[PDB]
Peer 1: 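Below you'll find the structure I mean.
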Amino acid sequence: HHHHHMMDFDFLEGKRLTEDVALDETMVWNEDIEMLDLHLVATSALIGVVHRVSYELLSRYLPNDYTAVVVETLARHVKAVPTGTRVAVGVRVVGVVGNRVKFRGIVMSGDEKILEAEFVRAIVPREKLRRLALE
Amino acid sequence: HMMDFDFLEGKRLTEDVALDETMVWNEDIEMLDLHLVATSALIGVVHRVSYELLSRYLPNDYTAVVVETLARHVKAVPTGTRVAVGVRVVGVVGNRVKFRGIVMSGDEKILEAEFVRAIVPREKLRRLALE
Ligand SMILES: CC(C)(COP(=O)(O)OP(=O)(O)OC[C@H]1O[C@@H](n2cnc3c(N)ncnc32)[C@H](O)[C@H]1OP(=O)(O)O)[C@@H](O)C(=O)NCCC(=O)NCCSC(=O)CC(=O)O
Ligand SMILES: CC(C)(COP(=O)(O)OP(=O)(O)OC[C@H]1O[C@@H](n2cnc3c(N)ncnc32)[C@H](O)[C@H]1OP(=O)(O)O)[C@@H](O)C(=O)NCCC(=O)NCCSC(=O)CC(=O)O
């Protein structure tokens, strides 16, 4: 009877958001000790950044009992950028298939493309995710 | 700078890794009590194991950076948990080394990944990024 989730999420198609995001010291690539003084941003950290903008975008539009979690992601990190920098981060909803929302993401530093991504959030009732996490 | 890295093919490494507080998913204030591990954090964990594997076999003036990554995050897992992280070199083309990675929590798959490192001289990077 808590089996009352049947939406068409296509209302999300075409939504977009761009934000300026600070690349801070928690985001540094630190695998290689000899490269530390460059403090390049880590690929995973940039992926984190792009994902988080997609949540900010969705949260305005998700019905009240539903959250959205990343289930799939693809990224190409094409230019190294140092931390301590602000970047422009854009995401747009390029498709919806059931409860799967697909985004394209871009990280620009000035006019240089740093990273591009394509990724998927599953839109799930908080109750259901909580039950799954706890089982 | 002309080397064959084909010899990396089939190399593996597995590591028991703690998921700590710095890796928590916190976008959703109503789910903070579950302290789920973030996707990007888990990708970081998988990438880092591939660097430990490569660093053992690369010449002393060379580094390796991630240029592409793909991941399915199939099961939620809380921080404060230890996971088995395995990576394997499945392919080499020039200075491009493709890995498959897996995160397991016991017998449950949490995440699978496929990603590429480019093997580069540190000086090259240092030249590029200081230009
Ligand atoms: C790695 C790149 C520089 C690669 O750029 P390109 O593809 O244009 O260049 P390339 O890879 O073909 O070649 C660049 C260099 O490779 C070396 N090179 C190429 N082929 C070679 C071979 N067969 N043998 C030996 N050396 C070789 C050359 O010295 C040098 O080229 P030449 O001789 O021509 O100069 C760039 O994609 C980049 O900077 N990406 C950002 C990566 C990043 O910052 N990642 C985050 C860190 S890792 C991380 O953060 C982990 C985490 O997620 O947490
Ligand atoms: C998201 C998942 C639960 C998805 O699992 P499944 O594919 O089995 O489930 P599912 O999506 O098909 O369906 C689950 C639920 O969705 C709801 N549901 C499905 N379709 C629907 C529709 N059309 N309308 C309304 N509701 C719908 C159903 O109520 C319910 O299940 P039913 O009817 O079946 O009972 C799982 O893959 C998972 O936990 N993955 C890990 C995700 C994660 O932890 N990400 C990290 C946080 S985000 C993040 O960390 C950002 C960062 O990277 O930094």
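Computation of the quantities below employed the complete heavy-atom set of this structure, encompassing side-chain atoms and omitting hydrogens, waters and symmetry-equivalent molecules. So that the names make sense, note that chain A is the first sequence line, chain B the second, and so on, each numbered from 1.
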Peer 1: Kindly work out whether a path of hydrophobic side-chain contacts (I/L/V/M/F/W/Y, heavy atoms less than 4.5 Å apart) joins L57(A) to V87(A).
Peer 2: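 As far as the 4.5 Å side-chain criterion goes, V87(A) and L57(A) are connected within one cluster.
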Peer 1: Examine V70(A) and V103(B) and state if one hydrophobic cluster contains both, with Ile, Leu, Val, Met, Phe, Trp and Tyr joined whenever side-chain heavy atoms are less than 4.5 Å apart.
Peer 2: no
Peer 1: Chain B contacts: which residues in residues 128-135 of chain A have a non-hydrogen atom closer than 4.5 Å to it?
Peer 2: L129(A), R130(A), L132(A), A133(A), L134(A)
Peer 1: Select all residues of residues 111-119 of chain B having any heavy atom within less than 4.5 Å of some heavy atom of chain A, and report them by number, or 'none'.
Peer 2: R117(B)
Peer 1: Is it the side chain or the backbone of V49(A) that comes within 4.5 Å of chain B heavy atoms, both, or neither?
Peer 2: neither
Peer 1: Of the listed residues (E31(A), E72(A), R52(A)), which shares the most heavy-atom pairs with chain B below a 4.5 Å separation?
Peer 2: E31(A)
Peer 1: Members other than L70(B) in its cluster, when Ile, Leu, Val, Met, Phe, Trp, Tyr link by side-chain heavy atoms under 4.5 Å?
Peer 2: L74(A)
Peer 1: Quick one: which residues of residues 34-42 of chain B reach chain A at under 4.5 angstrom, heavy atoms only?
Peer 2: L34(B), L36(B), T39(B), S40(B)
Peer 1: For residues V17(B) and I102(B): do they belong to one hydrophobic cluster (side chain heavy atoms under 4.5 Å, members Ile, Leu, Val, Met, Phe, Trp, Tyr)?
Peer 2: no
Peer 1: Decide whether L54(B) and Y57(B) are clustered together by the hydrophobic rule: side chain heavy atoms of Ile, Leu, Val, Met, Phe, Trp, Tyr closer than 4.5 Å, transitively.
Peer 2: yes
Peer 1: Return the option, out of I43(B), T22(B), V46(B), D28(B), with the maximum number of heavy-atom pairs under 4.5 Å with chain A.
Peer 2: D28(B)
Peer 1: What residue, out of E30(B), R72(B), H47(B), has the most heavy-atom pairs lying under 4.5 Å from chain A?
Peer 2: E30(B)
Peer 1: Going only through I, L, V, M, F, W and Y residues with side-chain contacts under 4.5 Å, is there a path from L58(B) to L13(B)?
Peer 2: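 Hydrophobic grouping puts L58(B) with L13(B).
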